[PDB]
Protein chains: 2
Amino acid sequence: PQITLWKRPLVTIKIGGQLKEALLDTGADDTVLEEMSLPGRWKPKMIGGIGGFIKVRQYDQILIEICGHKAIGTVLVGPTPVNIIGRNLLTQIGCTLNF
Amino acid sequence: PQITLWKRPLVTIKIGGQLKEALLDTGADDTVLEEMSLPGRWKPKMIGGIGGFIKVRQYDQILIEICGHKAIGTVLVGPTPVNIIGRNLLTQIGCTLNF
Ligand SMILES: CCC[C@@]1(CCc2ccccc2)CC(O)=C([C@H](CC)c2cccc(NS(=O)(=O)c3ccc(C(F)(F)F)cn3)c2)C(=O)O1
């Protein structure tokens, strides 16, 4: 698809058989999801946004479908205003910025 | 321009006669720049992101050049860790996400 930016670029994702809404965010290095359970072990990560740093749980090799497109990679879980799909997964589904 | 997302989508902008580097961010509602002076009236605003909220100064009807493309709109100025071009100006240069 081609997504214009007049509205927030919110898509449906699927993770652990659950549908969720997520923001496609080209300013994010990483993908950050609201509190949920994921399989396997996690490792600690600190990430920075406009309001400062947050502590998140890093889960590697997580299956996630984004607007119909399969991706498998790192997902961080922590206090975030919205589920964010960052460049690590935007690259996997073939996403570019065009103007 | 077609921009891949392997790396941070950083572009050159021109604002108030100054050349600056800025992040194209499809997740930001608003454009927010690190501290600088801008002409005209401003009002205080609070904006949220990862890490919580920051206080910014809001300047309307500001002209910016983004990779050669002229855009006018609201520019916020405050303690952001990076210059961010958000959707309010990305729409004006006809920027889309494609996959
Ligand atoms: C996962 C980190 C995300 C990011 C990284 C910025 C960065 C880059 C390189 C180095 C250091 C830091 C990019 C980003 O889009 C935001 C948020 C949206 C998630 C953001 C950016 C710009 C402005 C706002 N505030 S706002 O009022 O314009 C706004 C508020 C809420 C939302 C919502 F959709 F997320 F809800 C979007 N925009 C928020 C942020 O806070 O940091």
Side-chain angles (χ1 to χ4, degrees), chain A residues 5 8-9 22-33 45-56 58 74 76 78-91 95-99, chain B residues 1-38 42 44-60 62-93 95-97:
Chain A
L5 300 170
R8 288 176 177 166
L23 184 67
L24 307 183
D25 188 315
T26 54
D29 300 338
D30 311 307
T31 287
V32 192
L33 304 192
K45 188 175 182 64
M46 272 259 291
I47 60 171
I50 68 152
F53 294 93
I54 63 165
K55 184 42 89 178
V56 291
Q58 177 176 150
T74 296
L76 314 176
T80 172
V82 295
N83 296 317
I84 299 156
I85 307 305
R87 294 185 304 99
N88 72 309
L89 300 187
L90 293 169
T91 52
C95 198
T96 58
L97 279 177
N98 303 74
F99 65 98
Chain B
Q2 166 161 292
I3 299 163
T4 63
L5 296 170
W6 289 115
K7 298 208 176 174
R8 289 181 183 168
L10 296 162
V11 300
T12 296
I13 58 155
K14 191 186 182 169
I15 188 176
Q18 298 176 58
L19 290 181
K20 285 153 120 47
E21 176 177 273
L23 187 61
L24 307 183
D25 183 350
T26 52
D29 287 343
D30 302 326
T31 288
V32 62
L33 302 185
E34 303 189 45
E35 288 294 347
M36 58 177 308
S37 168
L38 283 178
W42 62 268
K45 188 182 165 58
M46 287 281 283
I47 64 169
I50 283 294
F53 281 78
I54 55 165
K55 192 186 193 210
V56 298
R57 302 193 311 282
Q58 178 188 153
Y59 294 87
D60 307 324
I62 299 292
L63 188 60
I64 193 159
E65 177 255 52
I66 302 158
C67 283
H69 298 71
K70 161 187 156 196
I72 177 147
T74 290
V75 169
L76 312 180
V77 176
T80 172
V82 61
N83 289 326
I84 289 165
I85 306 311
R87 291 186 303 99
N88 81 304
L89 306 176
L90 298 169
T91 54
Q92 302 297 286
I93 66 170
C95 185
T96 59
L97 282 160

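Both backbone and side-chain heavy atoms feed into the values below; hydrogens, waters and symmetry mates do not. Each chain gets a letter, A, B and so on, in the order its sequence line appears, and its residues count up from 1.
- When all heavy atoms of B:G49 and A:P81 are compared, the pair lying nearest together is O-CD, 4.0 Å.
- Nearest heavy-atom pair across B:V32 and B:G78 is CG2-N, 4.4 Å.
- When all heavy atoms are compared, the tightest approach of B:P9 to A:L97 is CB-CD1, 3.9 Å.
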Apply side chain to side chain contact (heavy atoms under 4.5 Å, CB included) to B:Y59 and B:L76, showing your working.
-> CA-CA 6 Å; B:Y59 294 87; B:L76 312 180; over 6 Å; no

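- In this structure, the side chains of B:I3 and A:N98 stay at 4.5 Å or more apart for every pair of heavy atoms.
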Could you go step by step and tell me if B:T12 and B:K20 meet the side chain to side chain contact (heavy atoms under 4.5 Å, CB included) rule?
-> CA-CA 6 Å; B:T12 296; B:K20 285 153 120 47; over 6 Å; no

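- Between atom CD of residue A:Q58 and atom CD1 of residue A:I47 there is a gap of 10.0 Å, rounded to the nearest 0.5 Å.
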For a quick test of your reading: what N or O donor-acceptor pairs under 3.5 Å do the side chains of residues 82-91 of chain B make, sequence neighbours left out?
from, atom 1, to, atom 2, distance (Å)
B:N83, OD1, B:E34, N, 2.8
B:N83, ND2, B:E21, O, 3.0
B:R87, NH1, A:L5, O, 2.7
B:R87, NH1, A:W6, O, 3.2
B:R87, NH1, A:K7, O, 3.4
B:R87, NH2, B:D29, OD1, 2.9
B:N88, OD1, B:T31, N, 3.2
B:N88, OD1, B:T31, OG1, 2.9
B:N88, ND2, B:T74, O, 3.0
B:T91, OG1, B:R87, O, 3.2
B:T91, OG1, B:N88, O, 3.3

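- With sequence neighbours excluded, the residues that form a side chain to side chain contact (heavy atoms under 4.5 Å, CB included) with A:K55 are A:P44, A:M46.
- Partners of B:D60 according to the salt bridge (charged side-chain N to carboxylate O under 4.0 Å, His left out) rule, which considers only residues two or more places apart in sequence or in another chain, do not exist here.
- Here the shortest heavy-atom pairing between B:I93 and B:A71 reads CG2-CB, 4.1 Å.
- Considering CD1 of B:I15 and CD1 of B:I64, their distance stands at 4.0 Å, rounded to 0.5 Å.
- Shown here is B:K14, whose NZ atom has no more than 12 heavy atoms of other residues, nucleotides or ligands within 6.0 Å.
- Distance CG/B:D25 to CZ/B:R8: 11.0 Å, rounded to 0.5 Å.
- Applying the ring pair (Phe, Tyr, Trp, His ring centres under 6.0 Å) test to A:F99 and every residue at least two apart in sequence or in another chain returns B:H69.
- A salt bridge links B:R57 with B:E35; the closest basic N to acidic carboxylate O contact falls under 4.0 Å.
- B:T80 and B:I54 make their closest contact through N-CD1, 4.0 Å (heavy atoms, listed as atom of the first residue, atom of the second, distance).
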Passes side chain to side chain contact (heavy atoms under 4.5 Å, CB included), B:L33 versus B:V56? Steps please.
-> CA-CA 9 Å; B:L33 302 185; B:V56 298; over 6 Å; no

Between B:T26 and A:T26, is a side-chain hydrogen bond (donor to acceptor under 3.5 Å, both in side chains) present by the stated rule, with each step listed?
-> CA-CA 5 Å; B:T26 52; A:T26 54; 3.3 Å; yes

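- With sequence neighbours left out, B:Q18 forms a side chain to side chain donor-acceptor pair (under 3.5 Å) with no residue at all.
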